Every structure is written in structure tokens, then in C-alpha cells.
Amino acid sequence: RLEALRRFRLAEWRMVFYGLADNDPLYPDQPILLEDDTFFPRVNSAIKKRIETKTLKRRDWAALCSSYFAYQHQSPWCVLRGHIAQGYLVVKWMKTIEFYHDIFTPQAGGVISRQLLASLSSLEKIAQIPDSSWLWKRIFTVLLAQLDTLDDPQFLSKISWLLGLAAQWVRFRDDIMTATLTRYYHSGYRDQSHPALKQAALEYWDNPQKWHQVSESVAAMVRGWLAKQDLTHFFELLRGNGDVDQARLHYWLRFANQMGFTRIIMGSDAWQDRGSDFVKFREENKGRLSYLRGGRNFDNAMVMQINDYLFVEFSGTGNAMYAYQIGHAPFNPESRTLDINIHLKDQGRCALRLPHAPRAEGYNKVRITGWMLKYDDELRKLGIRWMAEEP
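Following this line, the structure appears as C-alpha cells:
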């Protein structure tokens, strides 16, 4: 195809077509078109010379498009972008760059991004854009920069598509996700569930307790569900042979906006539960769930991290909670197998022991009662307390 370059020195529509198209499958050793050593001045003149002609039907201009529409680097090199910016007037392939200059400035990515967000697919009739940072990046640096607008009864729906964009676009996966959660923060959904980002962000890279390399004011937003989901499931789904423990739930779900790390510990019968209910439970949060040894077949536990101390809670009604200092524990919280006595209930290695007595009645979110009233008093006298997030 690219043999037209030999006769391209002459300066009928398709005889010069492949003298300006994508380069250079025929000679891969040949560098980019405007860094060619032997054809740099030839194209700069021949393209210019054909412009002054009043009428043109040649396909070289559309061929000129492909070699710069699919141009990778983002220099906007713009000299031949200038000629094509004016060349399509005298040819009236005038539809080649109709919306390619939709913004008419070197900072491209105009309404071409608005078609997808509200093309990279329908524009292949003139030239294909699989990987060219001139259009590929600059069309997604706009549709992500416009997340700060558009109404939000369908923004949640648009994440599902926007998470879908992170599915095939491998490079934009670390750029869409980097800015999908940032807008999800400022929207007003600081503390409401969104498993799709929760799953997708965890899959794409590790959530500490790699995100810090986004900010730490936005990572903790969904961390409010790596904390809350570990609480809700533990006190409602992993209740063991007993009923739901509301008494331990409300007082502990209260302090969910400051929790940094959480980890559920399973039971013996839980892995003997062949039903998918615990299978998806073990699959939805893979890598955050662990096995339990040395305890009863229905025993359950948590590893809890707070601002100043590491906390352990158990599903057995009447078991005192064990507390460890942060970074000071006989067990690895990320270990897949743990023991109640060897690791969790090591009295010689634990710091604080407090039974859940006396029993509390009349519990409410703002009105506090019973043992957790004293539990609140011990913590309120020294620091963090109950504060509702900005409504």
C-alpha cells in the first residue's frame, strides 16, 4: 500500500492516498511523519501547494487525516494540523474532520466526548482511534472533568456505565476510577452504600486497611462501608445460633464514620453452609474474611481498628471484648485463619477487658442508655464521640 511514497515526490485521488496515511507498516524502522529525515520538507510543501487550488477531489486530505487524527502524542506538529484545518474548504471528503475540530483549538475533546457521556466508534469511517493520546485521552479528560455537573437521580446509573468504561479502557481505568470517587464524594453520598465502586475499586487496586498514591479525604467515604458492612453482617447475618444482637450493633454502628480497618472472622459451620448466601458473602468481600479455629462451631469474631486502639468483638452473648494496642497484637488481622484462644482471647497480650453489662434498654441514636451509656462516657470524657455527618 505504502509504495506511493516513491511517486509522492511528484507533489488520481487514490494514487497519492497511501502516501499520507498511517505510518509505517511497510518500513517500521521509519519514524513518525514529521520526524522523517528525508520527507519532512516534502510533505510540508506538497500539502501546502495543493491548498491554493480552488477545487479538489483528491483523497490525500482524508489520508492526511488518518496520519494525524490517529497521531499519538499531544503536541497541540500543528503545522499540518493547520493545513487540514483549512484544507477541507477547497475540496468542497469535507466531512472528514467535521466534528474533529468541534472545539477548533489545540485543546481538543469537545462535543465529541458529549456524545458518549450523554465517539471513538462512529468516527472510524474516516480514521480509527484505538490508541492515540491526541483523541483517546483528550476525549476522556473532558467527560471526566464534566462529572461536577449533570443531575443526580441518574448519576448513580452513569457510574455503572462509567465503571463500564473502566472495564475495557485499561489505561483510563486508573484515571476514571481516580476521579469517579472524587465526584461521588462531593455529590452528597458521603455515607450511602455503592457496592459497584466498592467491588470495582478493590478489584483494580488495593484499598489500604494504593489509594493514597487519590486523596485520603475521599478514600474514607467508601471505607464507611468497608466498616459498616462488616458491622451489619456480623451482628445480623453471623449472629450464630442466637438472635440478632441489636444491643451491640447500634452502639457500634454509631462510631462508623471514624473506623479505619475492619475484618470479620467466620465460624466452623459457616463454611459448612453450602448455601450461596454465605458463598456470596465469602465472595463479595474476598480478601477481607478469615477462618476461625479453637472455638465453637457457631462462634464468630471481628478485628476492629479505631483511632487509638484495636478492638475485638465476639458473637457469643456474654463474652467480654478483648482490646489490643494498634500495631500490638499476637495475630495478623489479614491472616486467613485465626484462633479464639491462641490469637483473639490472649489475656496475657490483650489490654482492656469490659463485659457488656448492665443490660441496656430504650436505645436510640442520639439518646444513649445502659452499659453503652457508660461505654460512651469512658470515650466521651477522653475524645471521639457521636457526631452525625453533614446532612
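Numbering (the deposited numbering), first residue to last: 58 to 68, 75 to 139, 145 to 160, 169 to 194, 199 to 289, 296 to 299, 301 to 478.
Where a beta carbon is used, it is the ideal one built from N, C-alpha and C, also for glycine.
- The stretch 325 to 386 is shown to contain whole beta strand (DSSP E) runs of 3 or more residues at 349 to 352 and 376 to 380, in chain order.
- Assigned with DSSP and collapsed to three states, residue 410 falls in strand.
- A straight-line Cα-Cα distance of about 30 angstroms links residue 271 and residue 446.
- In the DSSP assignment, residue 400 is bridged to 389.
- In the three-state reduction of the DSSP assignment, residue 313 falls in the helix class, which pools H, G and I.
- Within the stretch 220 to 285, no run of beta strand (DSSP E) reaches 3 residues while sitting entirely inside it.
- For the pair of segments examined, the stretch 333 to 347 was found not to touch the stretch 367 to 375: the number of CB pairs separated by less than 8 angstroms stays below three.
- Three or more Cβ pairs closer than 8 angstroms define a contact, and the stretch 401 to 411 meets that threshold against the stretch 436 to 453.
- If you draw a 10 Å sphere on the C-beta of residue 285, you find fewer than 16 other C-beta atoms in it, and that means exposed.
- It is roughly 12 angstroms from the alpha-carbon of residue 218 to the alpha-carbon of residue 181.
- In summary, residue 349 is buried, with 16 or more beta-carbon neighbours lying within 10 Å of its beta-carbon over all protein chains present.
- When secondary structure is reduced to three states using DSSP, residue 319 falls in the helix class.
- Boundaries of the alpha helix (DSSP H) around residue 193: 187 to 193.
- Closest by C-alpha distance to residue 372, out of 88, 450 and 421, is 421.
- For residue 346, same chain residues with a beta-carbon under 6 angstroms away, outside a window of 5 residues either side, are 314 in chain order.
- Taking each of 289, 254, 259 and 310 in turn and checking the Cα distance to residue 273, the smallest one comes out for 310.
- Bounds of the beta strand (DSSP E) holding residue 426 are 424 to 426.
- Pairing residue 212 with residue 264 gives a Cβ-Cβ distance that is not under 8 angstroms.
- For residue 200, the CB contacts under 8 angstroms within the same chain, skipping 5 residues up- and downstream, are 209, 215, 216 and 219 in chain order.
- When the five nearest sequence neighbours on each side are left out, the beta carbons in the same chain lying within less than 7 angstroms of the beta carbon of residue 424 are those of 377, 378 and 380, in order along the chain.
- Excluding sequence positions up to five before and after residue 253, its CB lies within less than 7 angstroms of the CB of 246 and 284, all in the same chain and listed in chain order.
- Two segments are said to touch when three or more pairs of C-beta atoms, one from each, lie closer than 8 angstroms; by this definition the stretch 125 to 133 touches the stretch 172 to 189.
- A straight line joining the alpha-carbon of residue 58 with that of residue 76 spans about 14 angstroms.
- Scanning its chain for C-beta atoms nearer than 8 angstroms, with the 5 sequence neighbours on each side dropped, one finds around residue 450 the residues 333, 334, 337, 338, 456, 457 and 459, in chain order.
- Residue 261 is positioned such that its CB atom lies closer than 8 angstroms to that of residue 301.
- By the CB criterion at 8 angstroms, residue 352 and residue 388 fall inside the cutoff.
- Linking residue 465 to residue 452 through their CA atoms gives a straight-line distance of about 18 angstroms.
- Here the alpha carbon of residue 100 sits roughly 47 angstroms from the alpha carbon of residue 280.
- In this structure, residue 259 sits near residue 224, with a CB-CB distance shorter than 8 angstroms.
- Residue 60 has its alpha-carbon roughly 10 angstroms from the corresponding atom of residue 78.
- The C-beta separation of residue 122 from residue 169 comes to about 6 angstroms, placing the pair in contact by the 8 angstroms criterion.
- DSSP places residue 436 outside any beta strand (DSSP E), giving it a letter other than H or E.
- Taking residue 443 as reference, the option from 323, 239, 405 and 91 with the minimal CA-CA separation is 405.
- Straight-line measurement puts the Cα of residue 305 at about 15 angstroms from the Cα of residue 477.
- Residue environment for residue 471: exposed (fewer than 16 other C-beta atoms within 10 angstroms of its C-beta).
- Residue 177 has no beta-bridge partner at all, per DSSP.
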